[PDB]
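In what follows, a structure is listed as structure tokens, so that the remarks can point back to it.
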Amino acid sequence: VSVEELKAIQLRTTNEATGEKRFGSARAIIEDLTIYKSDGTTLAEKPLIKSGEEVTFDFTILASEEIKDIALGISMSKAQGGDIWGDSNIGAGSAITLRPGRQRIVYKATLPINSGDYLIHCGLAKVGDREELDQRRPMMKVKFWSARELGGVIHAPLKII
Amino acid sequence: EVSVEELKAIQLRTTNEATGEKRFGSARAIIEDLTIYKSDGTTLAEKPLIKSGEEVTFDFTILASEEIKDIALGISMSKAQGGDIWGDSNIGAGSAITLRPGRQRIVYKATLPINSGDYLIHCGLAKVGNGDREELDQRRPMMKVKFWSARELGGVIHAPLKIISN
Ligand SMILES: [Cl-]
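Here you go:
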């Protein structure tokens, strides 16, 4: 596959439901992200996440050629304001080299996030001068739900002694 | 026993200027003190240093001039700027509290997945209803707290990735 084709995909499959602002050289792209809850259902099948549960991020990354030493980042924010959560393979100490074509990257995180509506952001880059390959802001929406309501975004219910 | 005028005087006297505390309320009862244990029993500093994910104990000393029923004792955290990133109370926890005259001790615990950074602690005492809500002692912010993490993450949610791909 070629960069021009990827540039076309990048511009076409932009998510307007979230008003996705997408940019990058698109030498490789975040082709798709499927999100699993701990019961094995996808967000598509069931669009909620319970506060504190194990979430799995199933990426498909599509590259026109081999690219070494890339960073694949994921983050979440409220409808407004900066990210409330974010991390990447670089932080986690796992080096990634993209091979030509379609390939699978899987992340996990246990997210103690309070009830509410959030936005998921994803970024692909080569970490020489840094190269932004494919930034997807926001890539999709997600709603969290809890047994009861807390202040803020941290899910940490009090225990009365 | 203890009068409201005395509680008013303690309220003023022990306002925390170091945190620029804004403090108000009728002071029929006050949050006389909050002390924070890392739950294994030690007392943390004036500025507690807590690891992301640790269980933390909040030990309130409450002073009441008379009996007050239907009490809300809330606690929350913010960054130096912005609204609270975390907060809860006995009301949320479905635990009723009645204050008796004089001094008494109320204890909360929570396990706080909060990223490394400097934060501010707020706490508030109020009579819930039985008419109109009465603010007894609101303390914003009453002390500082520092979190540290094994490695730095974005935002305030402590939730490091596991990379399954290898
Ligand atoms: Cl999905």
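Chain order of the listed sequences is A and B. Residue numbering for the first sequence is 17 to 177, as defined by the working numbering. Residue numbering for the second sequence is 94 to 259, as defined by the working numbering. By construction, the Cβ of each residue, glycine as well, lies at the ideal position given by its N, Cα and C atoms.
Neighbour-count burial assignment, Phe73/A, 16 or more Cβ in a 10 Å radius | Position 57 of the first sequence holds residue 73/A. Result: buried.
According to DSSP, is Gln26/A helix, strand or coil?
-> The residue you call residue 26/A lines up with position 10 of the first sequence. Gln26/A: helix per DSSP, three-state reduction.
Cα-Cα separation, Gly195/B to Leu156/B | In the second sequence, counting from the first residue as 1, residue 195/B sits at position 102. In the second sequence, counting from the first residue as 1, residue 156/B sits at position 63. In a straight line, the C-alpha of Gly195/B is about 5 Å away from that of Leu156/B.
Bounding residues of the beta strand (DSSP E) (the contiguous stretch that carries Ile86/A) = Here residue 86/A corresponds to residue number 70 of the first sequence, with the count starting at 1. That run of the beta strand (DSSP E) goes 83 to 93.
Would a C-beta distance cut-off of 9 Å place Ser132/B and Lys237/B closer than the cut-off?
-> Position 39 of the second sequence holds residue 132/B. Position 144 of the second sequence holds residue 237/B. No; because the gap between Cβ atoms is not below 9 Å, this pair is not in contact.
Whole-angstrom distance between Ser104/A and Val249/B, CA atom to CA atom | Translated into the one-based positions of the second sequence, residue 249/B becomes position 156. Translated into the one-based positions of the first sequence, residue 104/A becomes position 88. The straight-line gap from Cα to Cα measures roughly 15 Å.
To the nearest angstrom, how far is it from the Cα of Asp126/B to the Cα of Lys159/A?
-> In the second sequence, the residue the question calls residue 126/B occupies position 33. In the first sequence, the residue the question calls residue 159/A occupies position 143. Taking the straight line joining both Cα atoms gives about 38 Å.
Could you tell me whether the Cβ of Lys131/B comes closer than 9 Å to any Cβ of chain A?
-> Counting from 1 along the second sequence, the entry for residue 131/B is found at position 38. No, because no Cβ of chain A sits closer than 9 Å to the Cβ of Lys131/B.
Between the C-alpha atoms of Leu64/A and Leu100/B, what's the straight-line distance to the nearest angstrom?
-> Counting from one through the first sequence, the residue named residue 64/A turns up at place 48. Counting from one through the second sequence, the residue named residue 100/B turns up at place 7. Spanning the two alpha carbons is a distance of roughly 48 Å.
Measuring CA to CA, which of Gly175/B, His251/B, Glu160/B, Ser242/B is closest to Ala122/B?
-> Numbered from 1 along the second sequence, position 29 holds the residue referred to as residue 122/B. In terms of Cα proximity to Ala122/B, the closest of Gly175/B, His251/B, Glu160/B, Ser242/B is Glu160/B.
Under the three-state DSSP convention, the category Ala157/B falls into = Here residue 157/B refers to the residue found at position 64 of the second sequence. In this structure, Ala157/B counts as strand in the three-state DSSP scheme.
Coil, strand or helix - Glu99/B by DSSP = As a first step, residue 99/B must be located in the second sequence, where it is residue number 6. Of the three classes helix, strand and coil, the one that applies to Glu99/B here is helix, per DSSP.
For the segment 196 to 207 of chain B, enumerate the residues whose C-beta is nearer than 7 Å to any C-beta of chain A, in chain order.
-> The segment 196 to 207 of chain B vs chain A, Cβ under 7 Å: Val200, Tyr201, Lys202, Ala203, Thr204, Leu205, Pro206, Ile207.
Give a yes or no on contact between the segment 143 to 158 of chain A and the segment 183 to 192 of chain B, applying the rule of three or more CB pairs nearer than 8 Å.
-> Because the criterion of three Cβ pairs below 8 Å is not met, the segment 143 to 158 of chain A and the segment 183 to 192 of chain B do not touch.
Of the listed residues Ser18/A, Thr57/A, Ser80/A, nearest to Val71/A (C-alpha basis) | Start at 1 with the first residue of the first sequence, and residue 71/A comes out as number 55. The option with the nearest alpha carbon to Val71/A is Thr57/A.
Could you name the residues of the same chain whose beta carbon sits closer than 6 Å to that of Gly217/B, not counting the 5 residues immediately before and after it, in chain order?
-> Counting from one through the second sequence, the residue named residue 217/B turns up at place 124. Non-local beta-carbon contacts of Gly217/B in its own chain, meaning distances under 6 Å to residues more than five positions away in sequence, involve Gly167, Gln231 in chain order.
Taking the alpha carbon of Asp211/B as the point to measure from, which residue in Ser96/B, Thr112/B, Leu105/B, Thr107/B has its own alpha carbon closest?
-> Locating residue 211/B in the second sequence gives position 118, counting from the first residue. Ranking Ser96/B, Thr112/B, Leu105/B, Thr107/B by Cα distance to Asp211/B puts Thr112/B first.
Chain-order list of residues whose beta-carbon lies under 6 Å from that of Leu59/A (same chain, five-residue window excluded) | What you label residue 59/A is simply residue 43 of the first sequence in a count that begins at 1. So the qualifying residues of the chain are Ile51.
Can you name, in chain order, every residue of its own chain whose Cβ lies under 7 Å from the Cβ of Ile124/B, other than the five neighbours on each side?
-> Translated into the one-based positions of the second sequence, residue 124/B becomes position 31. For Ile124/B, where only same-chain residues beyond five positions count, the Cβ hits under 7 Å are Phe153, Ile155, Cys216, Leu218, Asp230, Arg232.
Go to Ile184/B, then tell me how far its beta strand (DSSP E) extends in each direction, as first and last residue.
-> Position 91 of the second sequence, counted from the start, is the residue given in the question as residue 184/B. Neither: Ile184/B is in no beta strand (DSSP E) and is coded neither H nor E.
Assigned secondary structure, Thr58/A (DSSP; H/G/I helix, E/B strand, else coil) = The count along the first sequence starts at 1 and reaches residue 58/A at position 42. The answer is strand: DSSP assigns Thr58/A an E or B state.
If you measure from the beta carbon of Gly167/A to each beta carbon in chain B, is any gap under 9 Å?
-> As a first step, residue 167/A must be located in the first sequence, where it is residue number 151. With 9 Å as the cut-off, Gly167/A counts as an interface residue toward chain B.
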